[PDB]
Every structure is written in C-alpha cells, then in structure tokens.
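Colleague: Sharing structure_0.csv (CSV, C-alpha atoms and all ligand atoms) below.
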```csv
chain,number,residue,atom,x,y,z
O,2,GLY,CA,-3.3,10.0,-19.5
O,3,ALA,CA,0.4,10.4,-20.4
O,4,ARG,CA,3.0,7.9,-21.7
O,5,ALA,CA,3.2,4.5,-19.9
O,6,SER,CA,4.8,4.5,-16.5
O,7,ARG,CA,5.6,7.7,-14.5
O,8,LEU,CA,8.7,7.0,-12.4
O,9,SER,CA,12.2,7.5,-13.8
O,10,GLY,CA,15.8,6.3,-13.3
O,11,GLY,CA,16.1,8.6,-10.3
O,12,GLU,CA,13.2,7.1,-8.4
O,13,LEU,CA,14.0,3.7,-9.8
O,14,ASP,CA,17.2,3.8,-7.7
O,15,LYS,CA,15.2,3.8,-4.4
O,16,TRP,CA,12.4,1.5,-5.7
O,17,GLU,CA,15.1,-1.1,-6.4
O,18,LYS,CA,16.8,-0.3,-3.1
O,19,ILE,CA,13.9,-1.9,-1.2
O,20,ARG,CA,14.2,-5.6,-0.3
O,21,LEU,CA,11.3,-8.0,-0.8
O,22,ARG,CA,12.1,-10.1,2.2
O,23,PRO,CA,13.2,-9.2,5.7
O,24,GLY,CA,16.4,-11.3,5.8
O,25,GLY,CA,16.8,-11.9,2.1
O,26,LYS,CA,18.6,-10.3,-0.9
O,27,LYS,CA,15.7,-9.9,-3.2
O,28,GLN,CA,14.3,-6.4,-4.1
O,29,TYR,CA,11.6,-4.7,-6.1
O,30,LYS,CA,11.7,-4.2,-9.9
O,31,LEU,CA,9.7,-2.8,-12.7
O,32,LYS,CA,8.0,-6.2,-12.9
O,33,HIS,CA,6.0,-5.1,-9.8
O,34,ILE,CA,5.3,-1.5,-10.9
O,35,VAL,CA,3.6,-3.1,-14.0
O,36,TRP,CA,1.8,-6.0,-12.2
O,37,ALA,CA,0.5,-3.5,-9.6
O,38,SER,CA,-0.8,-0.9,-12.1
O,39,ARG,CA,-2.5,-3.8,-13.8
O,40,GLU,CA,-3.8,-5.6,-10.8
O,41,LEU,CA,-5.6,-2.5,-9.5
O,42,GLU,CA,-7.3,-2.3,-12.9
O,43,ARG,CA,-9.0,-5.6,-12.0
O,44,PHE,CA,-9.7,-4.5,-8.4
O,45,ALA,CA,-12.0,-1.8,-9.6
O,46,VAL,CA,-9.1,0.5,-8.6
O,47,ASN,CA,-7.5,3.1,-11.0
O,48,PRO,CA,-3.7,2.9,-11.3
O,49,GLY,CA,-3.6,6.6,-11.1
O,50,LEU,CA,-3.5,6.3,-7.3
O,51,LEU,CA,0.2,5.3,-7.4
O,52,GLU,CA,1.0,8.9,-8.5
O,53,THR,CA,0.3,10.4,-5.0
O,54,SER,CA,1.6,9.8,-1.5
O,55,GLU,CA,-2.0,10.1,-0.3
O,56,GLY,CA,-3.2,7.9,-3.1
O,57,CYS,CA,-1.1,4.9,-2.2
O,58,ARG,CA,-1.9,4.8,1.5
O,59,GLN,CA,-5.6,5.2,0.6
O,60,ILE,CA,-5.4,2.0,-1.6
O,61,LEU,CA,-4.1,0.0,1.4
O,62,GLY,CA,-7.2,1.1,3.3
O,63,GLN,CA,-9.5,-0.5,0.8
O,64,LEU,CA,-7.7,-3.9,1.2
O,65,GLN,CA,-7.2,-3.3,5.0
O,66,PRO,CA,-10.7,-4.6,5.8
O,67,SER,CA,-10.1,-7.3,3.2
O,68,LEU,CA,-6.8,-8.6,4.6
O,69,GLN,CA,-8.9,-11.1,6.6
O,70,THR,CA,-10.3,-12.6,3.5
O,71,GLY,CA,-7.9,-11.5,0.8
O,72,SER,CA,-6.5,-13.8,-1.9
O,73,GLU,CA,-2.8,-13.9,-2.8
O,74,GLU,CA,-3.6,-11.0,-5.2
O,75,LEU,CA,-5.0,-8.6,-2.6
O,76,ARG,CA,-2.2,-9.5,-0.1
O,77,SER,CA,0.4,-8.7,-2.7
O,78,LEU,CA,-1.0,-5.3,-3.5
O,79,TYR,CA,-1.1,-4.4,0.2
O,80,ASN,CA,2.6,-5.3,0.5
O,81,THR,CA,3.2,-3.5,-2.8
O,82,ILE,CA,1.6,-0.1,-2.3
O,83,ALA,CA,3.1,-0.1,1.2
O,84,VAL,CA,6.6,-0.1,-0.4
O,85,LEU,CA,5.7,2.6,-2.9
O,86,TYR,CA,3.9,4.9,-0.3
O,87,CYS,CA,7.3,5.2,1.4
O,88,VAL,CA,9.0,6.1,-1.9
O,89,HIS,CA,6.7,9.1,-2.2
O,90,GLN,CA,6.7,10.1,1.5
O,91,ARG,CA,10.5,10.2,1.5
O,92,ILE,CA,11.0,7.1,3.7
O,93,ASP,CA,13.8,4.5,3.4
O,94,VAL,CA,12.5,1.0,4.2
O,95,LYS,CA,14.8,-2.0,4.8
O,96,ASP,CA,12.2,-4.5,3.5
O,97,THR,CA,8.5,-5.2,2.9
O,98,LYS,CA,7.9,-5.8,6.6
O,99,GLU,CA,9.8,-2.7,7.7
O,100,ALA,CA,7.5,-0.7,5.5
O,101,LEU,CA,4.3,-2.0,7.1
O,102,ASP,CA,5.6,-1.3,10.6
O,103,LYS,CA,6.6,2.1,9.2
O,104,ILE,CA,3.3,3.3,7.8
O,105,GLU,CA,1.6,2.0,10.9
O,106,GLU,CA,3.5,4.7,12.8
O,107,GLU,CA,2.4,7.4,10.4
O,108,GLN,CA,-1.3,6.5,10.9
O,109,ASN,CA,-0.9,7.0,14.7
O,110,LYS,CA,-0.4,10.7,13.9
O,111,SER,CA,-4.0,10.9,12.6
O,112,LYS,CA,-5.5,8.5,15.0
O,113,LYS,CA,-4.8,10.9,17.8
O,114,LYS,CA,-7.0,13.4,16.0
O,115,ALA,CA,-9.7,10.9,15.0
O,116,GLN,CA,-10.1,10.0,18.6
O,117,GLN,CA,-11.1,13.5,19.6
O,118,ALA,CA,-14.0,13.1,17.3
O,119,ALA,CA,-14.8,9.5,18.1
O,120,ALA,CA,-15.7,10.6,21.6
O,121,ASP,CA,-18.7,12.2,20.0
O,122,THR,CA,-19.4,10.0,17.0
O,123,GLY,CA,-19.3,6.2,17.4
O,124,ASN,CA,-20.1,3.1,15.5
O,125,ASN,CA,-22.6,0.3,16.3
O,126,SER,CA,-22.8,-3.5,15.9
O,127,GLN,CA,-24.2,-5.5,13.0
O,128,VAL,CA,-26.3,-8.6,12.8
O,129,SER,CA,-28.8,-10.2,10.4
O,130,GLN,CA,-31.1,-13.2,10.3
O,131,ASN,CA,-32.4,-15.8,7.7
O,132,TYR,CA,-35.6,-17.6,8.5
Z,1,LIG,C1,-3.6,8.9,-17.4
Z,1,LIG,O1,-4.4,8.1,-17.9
Z,1,LIG,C2,-3.2,8.7,-15.9
Z,1,LIG,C3,-2.7,7.2,-15.5
Z,1,LIG,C4,-1.3,7.0,-15.9
Z,1,LIG,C5,-0.4,6.8,-14.6
Z,1,LIG,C6,0.1,5.4,-14.4
Z,1,LIG,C7,1.5,5.3,-13.9
Z,1,LIG,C8,1.7,4.3,-12.7
Z,1,LIG,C9,2.9,4.7,-11.8
Z,1,LIG,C10,3.6,3.4,-11.3
Z,1,LIG,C11,3.7,3.3,-9.8
Z,1,LIG,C12,5.1,2.8,-9.3
Z,1,LIG,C13,4.9,1.5,-8.4
Z,1,LIG,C14,6.0,1.3,-7.4
```
Please rewrite the model in this file as structure tokens.
Ligand SMILES: *C(=O)CCCCCCCCCCCCC

Modeller:
Amino acid sequence: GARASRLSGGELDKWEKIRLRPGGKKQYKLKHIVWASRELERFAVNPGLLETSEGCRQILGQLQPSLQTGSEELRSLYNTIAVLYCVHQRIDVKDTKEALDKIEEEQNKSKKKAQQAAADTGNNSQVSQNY
C-alpha cells in the first residue's frame, strides 16, 4: 500500500549480482521485478508476496504442481521467485539453476518433519468417469 517498488540500491546490488543463465553473463534487472509483480496480478496472486522470504517460496508452491502444464509465463515466475527467495533468505546464487537446486535443499529441512506426520496421515488416488 506504499510507494511503488520496495527494494533499494542496497538490495539491488545482490539482485543484479544473480545471473540469468548458468554459463552466461546475463543477470537480473528491475525489468523483472516489475514484470513479476505484474504477472502475479494476472495469476490471481498478489504482488505483496515478494515482500517476505516465506511469501516467495510459497508462490513457487502454487506453480509447482503447474510446472507440468505451465506456459512460458508460469515457468518464468517459478524461475523468478526462486531468485528472489534467496535474496531474502540471505543466499548467494550463481545463477537461475543454482537457485533451484538451492531452495530444494531448504525444503528437505521441513520434509524430514512432514514425514513424521505422513506416517499417520496419507493421501489417496483419484479417478473419474464419463459415460
Ligand atoms: C500495498 O498495496 C502493498 C503492495 C506493494 C508491494 C509491492 C512491491 C513488490 C516488491 C518487488 C519484489 C522484487 C522482485 C525481485
């Protein structure tokens, strides 16, 4: 509800320090912070999620199950929020890919706990029919 954008020169230093490709020289720029904040608005997702380490990671979860059938737009976001999430969790990524393989390790910390509960609560299969 405040002035446009939230990050500043300080954070911009790290945001621009991240490379877009694994073996390339391209990096992230404001162009993305704007495109993302806007994209989410179209994905029924509020841009106010980029202002929280827990908010970003959460966003990825929504597209996680959509990665199988996600357009070029959804795919971008996933790779985007993944780069920002590290910016708020105090993580230095070498590139887009590096970030992914990075956040995946952070989830394992919670998976170990979710398993203790899964032993009691489990999911079932799905199936429908049409004439
Ligand atoms: C008030 O209406 C709250 C919403 C304003 C916050 C939007 C700022 C988005 C922050 C950009 C994230 C940086 C992407 C790397």

Colleague: Here is a test: counting all atoms listed in the file, which residue of O:85, O:78, O:68, O:19 is nearest to ligand LIG 1 (chain Z)?

Modeller: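 Closest residue, counting all atoms listed in the file: O:85.
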
Colleague: May I have the residues within 7 Å of residue 57 of chain O as an MDAnalysis selection string, using all atoms listed in the file and disregarding those fewer than 4 positions away in the same chain?

Modeller: chainID O and resid 50:51 53 61 82 86

Colleague: Which is closest to residue 58 of chain O among O:13, O:8, O:101, O:34, if we use all atoms listed in the file?

Modeller: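 Using all atoms listed in the file, residue 58 of chain O sits closest to O:101.
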
Colleague: When distances are computed from all atoms listed in the file, which of O:7, O:110, O:98, O:76 shows the smallest separation from residue 35 of chain O?

Modeller: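 Closest to residue 35 of chain O, using all atoms listed in the file: O:7.
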
Colleague: Could you check which of O:43, O:27, O:114, O:15 is closest to ligand LIG 1 (chain Z), using all atoms listed in the file?

Modeller: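 Among O:43, O:27, O:114, O:15, it is O:15 that comes nearest to ligand LIG 1 (chain Z).
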
Colleague: Name each residue within 12 Å of ligand LIG 1 (chain Z), counting only C-alpha atoms and all ligand atoms, as a PyMOL selection string.

Modeller: chain O and resi 2-10+12-19+28-42+46-54+56-57+78-89

Colleague: Tell me, in Å to one decimal, how far atom CA of residue 20 of chain O is from atom CA of residue 111 of chain O.

Modeller: 27.7 Å

Colleague: Provide the atom CA of residue 92 of chain O to atom CA of residue 104 of chain O distance in Å, to one decimal place.

Modeller: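 Going from atom CA of residue 92 of chain O over to atom CA of residue 104 of chain O covers 9.5 Å.
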
Colleague: Please compute the atom CA of residue 25 of chain O-atom CA of residue 96 of chain O distance, one decimal, in Å.

Modeller: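 Atom CA of residue 96 of chain O lies 8.8 Å from atom CA of residue 25 of chain O.
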